[PDB]
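Below is one structure, written out as structure tokens, with a few remarks after it.
Protein chains get the first letters and strands the later ones, always in sequence-line order, with residue 1 at the start of each.
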Amino acid sequence: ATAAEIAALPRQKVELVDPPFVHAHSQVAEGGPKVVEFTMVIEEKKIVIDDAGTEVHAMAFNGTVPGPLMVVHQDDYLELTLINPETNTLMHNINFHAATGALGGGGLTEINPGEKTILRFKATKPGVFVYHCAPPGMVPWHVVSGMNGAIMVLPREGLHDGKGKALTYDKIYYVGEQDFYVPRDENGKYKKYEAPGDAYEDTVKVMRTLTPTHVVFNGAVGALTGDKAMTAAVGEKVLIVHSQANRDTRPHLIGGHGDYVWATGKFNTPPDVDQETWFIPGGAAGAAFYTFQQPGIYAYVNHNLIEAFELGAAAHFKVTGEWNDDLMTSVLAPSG
Amino acid sequence: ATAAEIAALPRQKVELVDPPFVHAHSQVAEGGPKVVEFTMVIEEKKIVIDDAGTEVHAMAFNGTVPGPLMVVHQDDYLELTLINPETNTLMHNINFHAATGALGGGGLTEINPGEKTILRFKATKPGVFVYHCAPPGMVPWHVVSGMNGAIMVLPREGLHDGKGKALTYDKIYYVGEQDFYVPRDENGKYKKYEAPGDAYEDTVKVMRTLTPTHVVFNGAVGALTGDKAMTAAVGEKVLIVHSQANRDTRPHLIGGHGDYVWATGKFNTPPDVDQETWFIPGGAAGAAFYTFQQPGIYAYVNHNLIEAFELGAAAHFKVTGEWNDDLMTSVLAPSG
Amino acid sequence: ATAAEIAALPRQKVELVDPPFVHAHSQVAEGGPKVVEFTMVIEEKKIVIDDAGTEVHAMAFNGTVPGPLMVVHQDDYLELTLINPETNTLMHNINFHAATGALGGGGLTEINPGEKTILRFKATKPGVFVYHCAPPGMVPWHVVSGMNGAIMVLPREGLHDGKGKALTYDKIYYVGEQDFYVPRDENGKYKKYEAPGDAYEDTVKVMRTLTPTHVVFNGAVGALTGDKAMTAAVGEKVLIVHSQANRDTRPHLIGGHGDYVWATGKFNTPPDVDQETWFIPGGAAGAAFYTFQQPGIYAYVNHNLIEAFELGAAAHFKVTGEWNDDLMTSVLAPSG
Ligand SMILES: [Cu+2]
Ligand SMILES: [Cu+2]
Ligand SMILES: [Cu+2]
Ligand SMILES: [Cu+2]
Ligand SMILES: [Cu+2]
Ligand SMILES: [Cu+2]
Ligand SMILES: [Zn+2]
Ligand SMILES: [Zn+2]
């Protein structure tokens, strides 16, 4: 497109919503390319990440960890207004793995506190992609401080299996997995700091051990458990988008499966099927499609079980409906 | 199927055998669905895992690590009787990744010492799948204590390549890879305990470092080496099933290849081919098909060589037959 | 082939070049099978791997880390003359993952200082494959000391996408990723040794923690940055071969993508497409094909960002050409 062609395209302002939920969107594109407008503010703030009051200075897109999922269609133009409040203390930018050029947009979006920038790029490749902050010289630090999220570039005609048949989801949830590296004093307790910059040196030391202290979904242990469990019903088709901007993960739905899984997160690559556990390398997003068949509670975990049940990477799905004794049945309940 | 339909199905009792071997079975299903009966007893016992006398309190299905491989066909019903001897001290259950509902069957099989339970589920998805114990609040601990194994749900018509052509194996071996976390005293020596529960706290501390002390095949360093090496002959087609219920691994056959590899372990996903090294994420099972072409000794390892040659993840294949100088030949033997 | 048939085949001597570059070769094979001759000398020498003067006793094929990439065509015979200078102190051999039998050739190439050997094998499987030293009892130590590289067995008709259409590259670069384990004294400083053997015990201790101190491309931090950056131009098709003989990696081209990626590195397995980040398990080589669309500087990294920006796994691509405002444009430059 020429400058004149792009400016003439229909435009749409989308109001982002907090994860695990996703803003309203149509799976199958209606009409020609559009310029889709998103606005995100950067918030540097303290968040508690576990039941023991552990705090961390998060650098979050729209104040959440992970940042919100943005959805557009292949060949749409994503036009983002990124604002860095005069209230913040660090420079930030954004790098879309979905984009082409200038370090994913990082080289054109360096904004200091009190500045804003508007970046536009054409979403040429379909799939789910990671996006994260990446300021020269401080890349890992901003990412493992929670400054990352994902976008989804849906094919114009919606999703399809390898065979080429349509896959329509009833619900979609976005699970952002985050590895945190919280420094511990000489006595084992987690340290606290006044400002982000004060925790840098100590945090880098933990990072170099490549061993995270916490691995959580939606920014905190238990964030998606109990009453904040994701929901579904027997018969419902669910797309679960999962991202990890820095470290490997291996999602597993306990009691379920990944009927169709784009483990690489790219829609032009046929999905693997009937997966028990899939693998998403650090720096990538993936997606799993599943149709619930049994009611009850399910757990959704990173299957290095130590990371899931000790470090925090576990979420719940509460599913309603009728039990199917054909798929599974207790012939003899536990008995003497 | 209705209750009446299932109870009318032909039944078969299978006597399980110890890994790396697998019970008798037909690759191509003969007849309609069947209800396949398996019985497993849980044994909590001390096992030595290396040549230095290191001991561990294993929680093992049928007394072995890994537990035995169970084989059925897609759409068969697996009916398991699980027994927890009054002699044991902990509650145990079983979670089949092959199953649908109730946390893979874990929610319907919680049995205390002196109890038994009978669980039945329909094997709807073909492939090799992990199964492991997963009692609420103590999941990782029972798994890395060796309470895991795998099952194989063969397609009704046996295995086929992506092209859709039949793949018949002459032999099949099951290699269960286990990551152990043995506590070390203030002097570096491995600690020993009187009962399983006594080692819990110290073992959890090691688990949190995500660094295993041992990574072995068949429950011990050297378990499948020397005189317990797996065997084959030139011309023989071998299926090597590999599982890891908690941590990633990257199998490699030294001097060989993975001609066809279902790295994800699911038969409806076409296999990768001509693999030098394949990857199996923690919480999954995979399978590799290979036709031996050269006689001699081969090593089968997890290709993080430190884990293979220092930590214990190495096994041997002893292969008989005639040497093929076309594939490889020493033109000039080592000489001055 | 019979002995007489092989000796009658046309022969070619290839002069190897230092990575990231690759010796001259034709992508599409011209004529029938050939016996391709390569010569490599082993050099045990001290190399500095970072800007702080950290030294390591490298064991390098042709004096570089990684060793050079050798290219032949499927069904060609690779005939290697391996020389171990009387000047060296250790026994060495070579294990090609591309080969069949005798532990990849390791069992027929054990040479002490002052000896040489000539090994020949038929390249039956197409793809990029790792090769490394593997002397009995000291395998990991020689590999993580840099004694590894890769070869590429191109299909006779060159590369093709899954669809079966030709993929011709203008340039090809070979990035060998190396995990080093340098011992640190009681004060944190990196230790130095007089001879290779002297560092063994201390180095094994670091290896067992499975935590590398450095992760670099081409044997050193910054090796492929600044003025040694790899180059390309907008419109050019580049094949980037990547190997890791011991540990997992997840390559990512910042500002770009992997248009076609043989993540497993085997050409008979269709490539994944539109990848943001791909995964290469330890003990394997992979390849990514990409067509540059935007000029500027790109970073090529292992996407565990801590390993990339803290440990050393980062390289640069300097690309010339015209900027495409359709793919990306700064609508509002950073401003108050
Ligand atoms: Cu930032
Ligand atoms: Cu990135
Ligand atoms: Cu148990
Ligand atoms: Cu599991
Ligand atoms: Cu060597
Ligand atoms: Cu190897
Ligand atoms: Zn990994
Ligand atoms: Zn794949």
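Listed by chain and number, the residues in a side chain to side chain donor-acceptor pair (under 3.5 Å) with A:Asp259 are B:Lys125 (sequence neighbours excluded). Checked against ring pair (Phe, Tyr, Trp, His ring centres under 6.0 Å), A:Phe21 has no partners two or more places apart in sequence or in another chain. Taking the ring pair (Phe, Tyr, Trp, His ring centres under 6.0 Å) definition, one finds that B:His92 meets it with B:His142, sequence neighbours left out. Remark: A:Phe279 engages B:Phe279, C:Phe279 in a ring pair (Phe, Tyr, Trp, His ring centres under 6.0 Å) (not counting sequence neighbours). Residues satisfying the side chain to side chain donor-acceptor pair (under 3.5 Å) criterion with B:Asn88, sequence neighbours excluded, are B:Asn84. By the side chain to side chain donor-acceptor pair (under 3.5 Å) test, B:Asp202 is found to be paired with B:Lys191, B:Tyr193, residues two or more places apart in sequence or in another chain being considered. Listed by chain and residue number, nothing satisfies the ring pair (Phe, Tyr, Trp, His ring centres under 6.0 Å) test with B:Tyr181 (two or more places apart in sequence, or in another chain). Among residues two or more places apart in sequence or in another chain, the side chain to side chain contact (heavy atoms under 4.5 Å, CB included) test is passed with A:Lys165 by A:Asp161, A:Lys163. Considering only residues two or more places apart in sequence or on other chains, B:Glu55 meets the side chain to side chain donor-acceptor pair (under 3.5 Å) condition with B:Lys46.
Checking side-chain atoms of B:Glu43 against main-chain N and O of B:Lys45 turns up no donor-acceptor pair under 3.5 Å. Counting only distance, with no hydrogens or angles, the side chain of A:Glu276 and the backbone of B:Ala285 share a donor-acceptor pair below 3.5 Å. B:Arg156 places a side-chain N or O within donor-acceptor distance of the main-chain N or O of B:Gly31, the cut-off being under 3.5 Å. A:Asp248 places a side-chain N or O within donor-acceptor distance of the main-chain N or O of A:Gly282, the cut-off being under 3.5 Å. Checking side-chain atoms of B:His160 against main-chain N and O of B:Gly158 turns up a donor-acceptor pair under 3.5 Å.
No donor-acceptor contact under 3.5 angstrom links the side chains of B:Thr81 and B:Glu37, judged on distance only. In summary, the side chains of B:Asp179 and B:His214 do not present any donor paired with an acceptor at a separation below 3.5 Å, with no hydrogens or angles considered. The closest side-chain donor-acceptor pair between A:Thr249 and A:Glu177 falls under 3.5 angstrom. Checking A:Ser335 against B:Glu115 by side-chain atom types alone, no donor-acceptor pair falls below 3.5 Å. Counted by atom type alone, B:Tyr300 and B:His242 present one or more donor-acceptor pairs between their side chains at under 3.5 Å. Defined by atom type and a distance below 3.5 Å, a donor-acceptor pair is present between the side-chain atoms of B:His132 and B:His97. A donor atom on one side chain and an acceptor atom on the other are not found under 3.5 Å apart for A:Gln293 and A:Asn324.
Aromatic ring pairs are classed by plane angle as parallel below 30°, tilted from 30° to 60° and perpendicular above 60°; the pair B:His25 and B:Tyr169 is tilted.
The OG1 atom of B:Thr124 lies 10.0 Å from the CG atom of A:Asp326; values are rounded to the nearest 0.5 Å. Annotation: the span from A:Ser330 atom OG to B:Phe121 atom CZ amounts to 13.5 Å, rounded to 0.5 Å. Within the model, atoms NE2 of A:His252 and CD of A:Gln275 stand 11.5 Å from one another, a figure rounded to the nearest 0.5 Å. A distance of 15.5 Å separates CE in B:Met40 from NZ in B:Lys116, rounded to the nearest 0.5 Å. The CD1 atom of A:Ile172 lies 12.0 Å from the CE atom of A:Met230; values are rounded to the nearest 0.5 Å. Expressed to the nearest 0.5 Å, how far OH of A:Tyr173 lies from CG of A:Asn218 amounts to 12.5 Å.
Using a 4.0 Å cut-off between charged nitrogen and carboxylate oxygen, B:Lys122 and B:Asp76 do not count as a salt-bridge pair.
Pairs passing the salt bridge (charged side-chain N to carboxylate O under 4.0 Å, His left out) check and including a residue from residues 219-239 of chain A, sequence neighbours excluded, do not occur. Annotation: salt bridge (charged side-chain N to carboxylate O under 4.0 Å, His left out) contacts involving residues 16-28 of chain B, sequence neighbours excluded, are absent.
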Contacts table for residues 305-323 of chain A: side-chain donor-acceptor under 3.5 angstrom, sequence neighbours left out:
{"unit_1": "A:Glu307", "atom_1": "OE1", "unit_2": "A:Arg247", "atom_2": "NH1", "d": "2.8"}
{"unit_1": "A:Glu307", "atom_1": "OE1", "unit_2": "A:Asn302", "atom_2": "ND2", "d": "3.1"}
{"unit_1": "A:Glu307", "atom_1": "OE2", "unit_2": "A:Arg247", "atom_2": "NH1", "d": "3.4"}
{"unit_1": "A:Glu307", "atom_1": "OE2", "unit_2": "A:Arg247", "atom_2": "NH2", "d": "2.9"}
{"unit_1": "A:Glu310", "atom_1": "OE1", "unit_2": "B:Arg208", "atom_2": "NE", "d": "3.3"}
{"unit_1": "A:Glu310", "atom_1": "OE1", "unit_2": "B:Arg208", "atom_2": "NH2", "d": "3.1"}
{"unit_1": "A:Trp323", "atom_1": "NE1", "unit_2": "A:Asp325", "atom_2": "OD1", "d": "3.1"}
{"unit_1": "A:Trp323", "atom_1": "NE1", "unit_2": "A:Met328", "atom_2": "O", "d": "3.0"}

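Using a 4.5 Å cut-off on side-chain heavy atoms (C-beta onward), A:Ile254 and A:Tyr298 make no contact.
In this structure, B:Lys266 is positioned above the aromatic face of B:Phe129, its NZ or CZ under 6.0 Å from the six-membered ring centre and within 45° of the axis.
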